[PDB]
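Note: the block below is start-v3.cif and it holds mmCIF, C-alpha atoms and all ligand atoms.
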data_query
loop_
_atom_site.group_PDB
_atom_site.id
_atom_site.type_symbol
_atom_site.label_atom_id
_atom_site.label_comp_id
_atom_site.auth_asym_id
_atom_site.auth_seq_id
_atom_site.Cartn_x
_atom_site.Cartn_y
_atom_site.Cartn_z
ATOM 1 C CA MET O 1 12.606 -26.122 56.165
ATOM 2 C CA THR O 2 11.933 -22.574 55.003
ATOM 3 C CA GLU O 3 14.130 -20.761 52.482
ATOM 4 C CA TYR O 4 14.450 -16.961 52.525
ATOM 5 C CA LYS O 5 15.539 -15.009 49.443
ATOM 6 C CA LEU O 6 17.429 -11.970 50.743
ATOM 7 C CA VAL O 7 18.529 -9.174 48.407
ATOM 8 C CA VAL O 8 21.355 -6.793 49.315
ATOM 9 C CA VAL O 9 20.984 -3.410 47.599
ATOM 10 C CA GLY O 10 22.832 -0.122 47.877
ATOM 11 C CA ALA O 11 25.151 2.292 46.125
ATOM 12 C CA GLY O 12 28.539 1.312 44.745
ATOM 13 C CA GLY O 13 31.283 0.604 47.260
ATOM 14 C CA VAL O 14 29.173 0.512 50.438
ATOM 15 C CA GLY O 15 30.213 -3.092 51.132
ATOM 16 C CA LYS O 16 27.354 -5.219 49.804
ATOM 17 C CA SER O 17 29.748 -7.952 48.650
ATOM 18 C CA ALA O 18 31.930 -7.749 51.762
ATOM 19 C CA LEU O 19 28.938 -8.133 54.102
ATOM 20 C CA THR O 20 27.620 -11.135 52.161
ATOM 21 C CA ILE O 21 31.022 -12.852 52.106
ATOM 22 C CA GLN O 22 31.651 -12.100 55.788
ATOM 23 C CA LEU O 23 28.292 -13.704 56.613
ATOM 24 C CA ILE O 24 28.670 -16.751 54.359
ATOM 25 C CA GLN O 25 32.436 -17.359 54.438
ATOM 26 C CA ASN O 26 33.533 -15.584 57.662
ATOM 27 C CA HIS O 27 36.349 -13.469 56.227
ATOM 28 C CA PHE O 28 36.845 -9.902 55.009
ATOM 29 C CA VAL O 29 37.782 -9.276 51.359
ATOM 30 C CA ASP O 30 39.729 -6.152 50.411
ATOM 31 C CA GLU O 31 42.966 -5.945 48.415
ATOM 32 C CA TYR O 32 43.237 -9.496 47.075
ATOM 33 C CA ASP O 33 41.167 -11.075 44.309
ATOM 34 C CA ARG O 34 37.901 -12.987 44.648
ATOM 35 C CA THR O 35 35.745 -15.299 42.539
ATOM 36 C CA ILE O 36 32.359 -13.939 41.467
ATOM 37 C CA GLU O 37 29.328 -16.050 42.397
ATOM 38 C CA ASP O 38 26.417 -13.602 43.028
ATOM 39 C CA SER O 39 24.294 -16.344 44.645
ATOM 40 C CA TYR O 40 25.253 -17.322 48.205
ATOM 41 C CA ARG O 41 23.511 -19.877 50.418
ATOM 42 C CA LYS O 42 23.702 -20.719 54.116
ATOM 43 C CA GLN O 43 21.746 -22.713 56.695
ATOM 44 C CA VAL O 44 21.181 -20.867 59.983
ATOM 45 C CA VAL O 45 19.095 -21.096 63.150
ATOM 46 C CA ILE O 46 17.043 -17.995 63.992
ATOM 47 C CA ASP O 47 14.797 -17.920 67.084
ATOM 48 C CA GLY O 48 14.999 -21.706 67.302
ATOM 49 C CA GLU O 49 13.903 -22.391 63.705
ATOM 50 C CA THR O 50 16.380 -23.733 61.150
ATOM 51 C CA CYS O 51 16.125 -22.113 57.720
ATOM 52 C CA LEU O 52 18.021 -21.528 54.472
ATOM 53 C CA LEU O 53 19.353 -18.096 53.500
ATOM 54 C CA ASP O 54 19.488 -17.441 49.740
ATOM 55 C CA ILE O 55 21.339 -14.132 49.404
ATOM 56 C CA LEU O 56 21.502 -12.139 46.169
ATOM 57 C CA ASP O 57 24.402 -9.667 46.062
ATOM 58 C CA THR O 58 23.445 -6.951 43.584
ATOM 59 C CA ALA O 59 25.714 -4.405 41.918
ATOM 60 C CA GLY O 60 25.641 -0.725 42.806
ATOM 61 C CA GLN O 61 26.427 0.461 39.273
ATOM 62 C CA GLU O 62 23.126 1.706 37.872
ATOM 63 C CA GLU O 63 24.209 1.031 34.276
ATOM 64 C CA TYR O 64 23.905 -2.683 35.178
ATOM 65 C CA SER O 65 20.187 -2.938 35.974
ATOM 66 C CA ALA O 66 19.141 -6.212 34.304
ATOM 67 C CA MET O 67 20.620 -8.050 37.318
ATOM 68 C CA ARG O 68 19.140 -5.912 40.118
ATOM 69 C CA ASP O 69 15.643 -4.981 38.918
ATOM 70 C CA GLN O 70 15.051 -8.466 37.489
ATOM 71 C CA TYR O 71 15.555 -10.084 40.907
ATOM 72 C CA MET O 72 13.706 -7.396 42.866
ATOM 73 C CA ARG O 73 10.493 -9.324 42.189
ATOM 74 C CA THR O 74 11.909 -12.641 43.453
ATOM 75 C CA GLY O 75 13.374 -11.229 46.675
ATOM 76 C CA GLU O 76 11.383 -11.583 49.890
ATOM 77 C CA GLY O 77 13.430 -9.186 52.018
ATOM 78 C CA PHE O 78 15.870 -6.409 51.246
ATOM 79 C CA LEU O 79 19.015 -5.214 53.010
ATOM 80 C CA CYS O 80 19.322 -1.511 52.130
ATOM 81 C CA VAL O 81 22.986 -0.722 52.760
ATOM 82 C CA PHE O 82 24.769 2.615 52.943
ATOM 83 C CA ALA O 83 28.236 3.399 54.290
ATOM 84 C CA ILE O 84 28.583 5.759 57.250
ATOM 85 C CA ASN O 85 31.488 7.516 55.494
ATOM 86 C CA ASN O 86 29.462 8.036 52.280
ATOM 87 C CA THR O 87 26.783 10.734 52.494
ATOM 88 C CA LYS O 88 25.679 10.081 48.906
ATOM 89 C CA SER O 89 25.002 6.399 49.614
ATOM 90 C CA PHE O 90 22.790 7.374 52.555
ATOM 91 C CA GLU O 91 20.890 9.830 50.353
ATOM 92 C CA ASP O 92 20.450 7.085 47.733
ATOM 93 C CA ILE O 93 18.530 4.886 50.217
ATOM 94 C CA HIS O 94 15.331 6.720 49.264
ATOM 95 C CA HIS O 95 15.884 5.777 45.612
ATOM 96 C CA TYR O 96 16.341 2.081 46.405
ATOM 97 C CA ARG O 97 13.316 1.939 48.716
ATOM 98 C CA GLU O 98 11.087 3.522 46.058
ATOM 99 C CA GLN O 99 12.351 1.069 43.424
ATOM 100 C CA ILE O 100 11.508 -1.836 45.739
ATOM 101 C CA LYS O 101 8.022 -0.553 46.579
ATOM 102 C CA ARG O 102 7.347 -0.038 42.864
ATOM 103 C CA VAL O 103 8.402 -3.533 41.770
ATOM 104 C CA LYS O 104 6.812 -5.322 44.732
ATOM 105 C CA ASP O 105 3.757 -3.023 44.422
ATOM 106 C CA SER O 106 3.427 -2.771 48.190
ATOM 107 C CA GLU O 107 4.033 -0.286 50.991
ATOM 108 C CA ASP O 108 5.009 -2.958 53.563
ATOM 109 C CA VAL O 109 8.023 -4.801 52.129
ATOM 110 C CA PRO O 110 10.376 -6.566 54.590
ATOM 111 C CA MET O 111 13.430 -4.318 54.785
ATOM 112 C CA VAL O 112 16.311 -3.460 57.108
ATOM 113 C CA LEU O 113 18.421 -0.298 56.894
ATOM 114 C CA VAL O 114 22.140 -1.058 57.267
ATOM 115 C CA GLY O 115 24.886 1.479 57.916
ATOM 116 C CA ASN O 116 28.106 -0.324 57.007
ATOM 117 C CA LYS O 117 31.793 0.490 57.689
ATOM 118 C CA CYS O 118 31.209 1.541 61.307
ATOM 119 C CA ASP O 119 34.857 0.666 62.033
ATOM 120 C CA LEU O 120 35.972 3.784 60.128
ATOM 121 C CA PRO O 121 36.507 7.114 61.932
ATOM 122 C CA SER O 122 35.542 9.279 58.948
ATOM 123 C CA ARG O 123 31.813 9.219 59.716
ATOM 124 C CA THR O 124 29.595 11.651 57.812
ATOM 125 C CA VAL O 125 26.197 10.016 58.518
ATOM 126 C CA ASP O 126 25.119 10.362 62.148
ATOM 127 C CA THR O 127 23.630 7.287 63.822
ATOM 128 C CA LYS O 128 20.650 9.309 65.064
ATOM 129 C CA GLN O 129 20.014 10.589 61.533
ATOM 130 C CA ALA O 130 19.829 7.052 60.132
ATOM 131 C CA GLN O 131 17.744 5.931 63.117
ATOM 132 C CA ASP O 132 15.361 8.798 62.330
ATOM 133 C CA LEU O 133 15.042 7.744 58.680
ATOM 134 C CA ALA O 134 14.421 4.110 59.630
ATOM 135 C CA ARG O 135 11.735 5.273 62.070
ATOM 136 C CA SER O 136 10.106 7.181 59.205
ATOM 137 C CA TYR O 137 10.099 3.993 57.114
ATOM 138 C CA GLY O 138 9.058 1.796 60.039
ATOM 139 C CA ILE O 139 12.005 -0.575 59.561
ATOM 140 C CA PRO O 140 14.916 -1.647 61.771
ATOM 141 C CA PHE O 141 18.293 0.064 61.502
ATOM 142 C CA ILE O 142 21.523 -1.866 62.131
ATOM 143 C CA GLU O 143 25.102 -0.584 62.089
ATOM 144 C CA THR O 144 27.607 -3.103 60.728
ATOM 145 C CA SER O 145 31.246 -3.615 59.816
ATOM 146 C CA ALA O 146 32.163 -6.298 57.294
ATOM 147 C CA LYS O 147 35.781 -5.787 58.387
ATOM 148 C CA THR O 148 35.235 -6.662 62.068
ATOM 149 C CA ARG O 149 31.922 -8.606 61.615
ATOM 150 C CA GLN O 150 30.194 -6.266 64.107
ATOM 151 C CA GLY O 151 26.436 -6.417 63.573
ATOM 152 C CA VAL O 152 26.685 -8.618 60.463
ATOM 153 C CA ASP O 153 24.742 -11.617 61.775
ATOM 154 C CA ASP O 154 22.204 -9.316 63.441
ATOM 155 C CA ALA O 155 21.465 -7.458 60.195
ATOM 156 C CA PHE O 156 20.639 -10.577 58.176
ATOM 157 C CA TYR O 157 18.818 -12.267 61.066
ATOM 158 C CA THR O 158 16.735 -9.135 61.663
ATOM 159 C CA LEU O 159 15.676 -9.197 58.008
ATOM 160 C CA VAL O 160 14.467 -12.793 58.408
ATOM 161 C CA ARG O 161 12.444 -11.764 61.463
ATOM 162 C CA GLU O 162 10.888 -8.973 59.394
ATOM 163 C CA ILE O 163 9.957 -11.518 56.717
ATOM 164 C CA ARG O 164 8.406 -13.853 59.298
ATOM 165 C CA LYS O 165 6.380 -11.000 60.811
ATOM 166 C CA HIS O 166 5.181 -10.009 57.330
ATOM 167 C CA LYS O 167 3.995 -13.555 56.526
ATOM 168 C CA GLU O 168 1.402 -13.438 59.339
HETATM 169 N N1 LIG O 201 36.775 -0.391 56.544
HETATM 170 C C1 LIG O 201 35.826 -1.089 55.918
HETATM 171 N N2 LIG O 201 35.931 -1.319 54.612
HETATM 172 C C2 LIG O 201 34.893 -2.024 54.122
HETATM 173 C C3 LIG O 201 33.796 -2.509 54.805
HETATM 174 N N3 LIG O 201 32.945 -3.178 53.940
HETATM 175 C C4 LIG O 201 33.532 -3.085 52.769
HETATM 176 N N4 LIG O 201 34.718 -2.397 52.810
HETATM 177 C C5 LIG O 201 35.615 -2.102 51.677
HETATM 178 O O1 LIG O 201 34.918 -1.278 50.761
HETATM 179 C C6 LIG O 201 35.317 -1.600 49.409
HETATM 180 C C7 LIG O 201 34.100 -1.953 48.592
HETATM 181 O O2 LIG O 201 33.487 -3.120 49.178
HETATM 182 P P1 LIG O 201 32.510 -4.068 48.320
HETATM 183 O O3 LIG O 201 32.025 -5.218 49.116
HETATM 184 O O4 LIG O 201 33.233 -4.429 47.024
HETATM 185 O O5 LIG O 201 31.326 -3.078 47.939
HETATM 186 P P2 LIG O 201 30.050 -3.242 46.991
HETATM 187 O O6 LIG O 201 28.882 -2.609 47.588
HETATM 188 O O7 LIG O 201 29.769 -4.782 46.807
HETATM 189 N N5 LIG O 201 30.428 -2.612 45.540
HETATM 190 P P3 LIG O 201 29.694 -2.828 44.107
HETATM 191 O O8 LIG O 201 28.317 -2.075 44.145
HETATM 192 O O9 LIG O 201 30.596 -2.155 42.987
HETATM 193 O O10 LIG O 201 29.463 -4.230 43.792
HETATM 194 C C8 LIG O 201 36.370 -2.704 49.529
HETATM 195 O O11 LIG O 201 37.678 -2.144 49.516
HETATM 196 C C9 LIG O 201 36.043 -3.335 50.884
HETATM 197 O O12 LIG O 201 37.172 -3.967 51.478
HETATM 198 C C10 LIG O 201 33.700 -2.254 56.209
HETATM 199 O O13 LIG O 201 32.796 -2.595 56.971
HETATM 200 N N6 LIG O 201 34.776 -1.528 56.680
HETATM 201 MG MG MG O 202 29.860 -5.904 45.033
#
Same coordinates, now as structure tokens:
Amino acid sequence: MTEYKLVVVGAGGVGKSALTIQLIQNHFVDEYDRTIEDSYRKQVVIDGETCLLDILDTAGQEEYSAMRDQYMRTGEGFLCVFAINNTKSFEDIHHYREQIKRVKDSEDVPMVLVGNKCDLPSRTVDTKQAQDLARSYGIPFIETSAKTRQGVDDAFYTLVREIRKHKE
């Protein structure tokens, strides 16, 4: 039974924690408190093969880098998350992708681009613009909402498929 170490990266506030909790625990966190755990695990079936998802939820604050850059070497696939109502977080995708390629020392790292908060009306990042950037990187692009769970399973499952394709 194969285990996949998935790393969720992105700027502060894009919903890295909310996506991980919605996937693992099936509820949306917002106003109320929550217990910190960082490491989340789940058994899933993807394309008829049962596997274990080991998800690392990193912090967006760049002053805390001993938690994110340390585990960039251990991660097998990366969820690069921006929020569709946060132009700066979309711009920052380039910075996270370069940091990953530097640590992994590879041009073909399993990655999925994720535009979160697609339930909100205040969009400032066009879908076609993010599709164009993902095409430039050669990676899938998935729009998600941790609030409604739209696209959440697809984003993490697509990353696993990228990892499986890379391991051939
Ligand atoms: N409307 C909406 N709000 C969302 C969505 N995902 C997250 N949020 C909200 O956005 C805020 C930040 O979410 P959070 O998961 O803490 O973001 P983060 O990327 O883990 N932040 P950090 O980098 O500081 O750890 C919260 O108020 C959360 O409820 C979404 O899909 N839709
Ligand atoms: Mg968080």
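Of the residues under consideration (O:127, O:150, O:35, O:65), O:150 shows the shortest atom-to-atom contact distance to ligand LIG 201 (chain O) when counting all atoms listed in the file.
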Please return as a ChimeraX atom specification the residues found within 6 Å of ligand MG 202 (chain O), counting only C-alpha atoms and all ligand atoms. /O:16-17,59
Shell around range 6-8 of chain O at 8 Å using all atoms listed in the file, local window under 4 positions removed, as a PyMOL selection string: chain O and resi 16+53-58+72+75-81+159
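Residues of protein, DNA or RNA having any atom at most 7 Å from ligand LIG 201 (chain O), counting all atoms listed in the file, are residues 10, 11, 12, 13, 14, 15, 16, 17, 18, 19, 28, 29, 30, 31, 58, 59, 60, 61, 116, 117, 118, 119, 120, 144, 145, 146, 147 and 148 of chain O.
Picked by the PyMOL selection byres (((chain O and resi 166) around 12) and not hetatm) from the coordinates shown: residues 76, 77, 106, 107, 108, 109, 110, 111, 139, 159, 160, 161, 162, 163, 164, 165, 167 and 168 of chain O.
Each of O:141, O:94, O:151, O:85 was checked against residue 123 in chain O using all atoms listed in the file; the smallest atom-to-atom distance is that of O:85.
The space between CA of residue 149 in chain O and CA of residue 130 in chain O spans 19.8 Å.
Nearest residue to residue 83 in chain O among O:134, O:112, O:49, O:122 is O:122, counting only C-alpha atoms.
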Adding 8 Å on each side of the box along x, y and z that holds all listed atoms of range 120-123 of chain O, could you give its centre and edge lengths in Å to one decimal, as AutoDock Vina command-line options?
--center_x 34.2 --center_y 6.5 --center_z 60.4 --size_x 20.7 --size_y 21.5 --size_z 19.0
Mind giving me the straight-line distance from CA of residue 38 in chain O to CA of residue 74 in chain O in Å, one decimal? 14.5 Å
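Reported to one decimal place, the separation of CA of residue 67 in chain O from CA of residue 9 in chain O is 11.3 Å.
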